[PDB]
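A single chain comes next, written as structure tokens; it is the form deposited in one PDB entry.
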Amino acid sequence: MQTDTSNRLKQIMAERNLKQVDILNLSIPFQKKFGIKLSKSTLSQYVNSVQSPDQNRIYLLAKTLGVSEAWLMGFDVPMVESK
């Protein structure tokens, strides 16, 4: 069994009372440190199950939110310990 990245993002937003604006703004310092861009439009496509994140944007969002990258991809693993 597994889930998808859209469900994982929705779990984050329910656990921590976040909206997409919070996710995107929390990511800004990480986008600069890692050299990985994420736009408002792209993040909405991930939450609405229109596209899956590529390798670089999983890494960005897993570091931003402090969660396992395998978990954020939708595998049935622990939320925190990969990377």
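Numbers for residues come from their place in the sequence shown, where the first is 1.
The entry models residue 76 and residue 77 with no unmodelled deposited residue separating them. Here the stretch with the larger average CA B-factor, out of 47 to 55 and 32 to 40, is 47 to 55. Among the modelled residues of its chain, residue 22 has a C-alpha B-factor that falls in the middle third, as given in the PDB entry. Among all modelled residues in this chain, the alpha-carbon of residue 7 has a temperature factor (C-alpha) in the middle third.
The protein also exists as the form deposited with a partner chain bound; that form is not presented, and the subsequent description refers to it.
Contact check for residue 73: a heavy atom falls within 4.5 Å of its partner chain in the deposited bound form. Proximity of residue 56 to its partner chain in the deposited bound form falls within the 4.5 Å heavy atom cutoff. The shortest heavy atom separation between residue 11 and its partner chain in the deposited bound form exceeds 4.5 Å. Contact annotation: residue 52 falls within 4.5 Å of its partner chain in the deposited bound form, judged by heavy atom distances.
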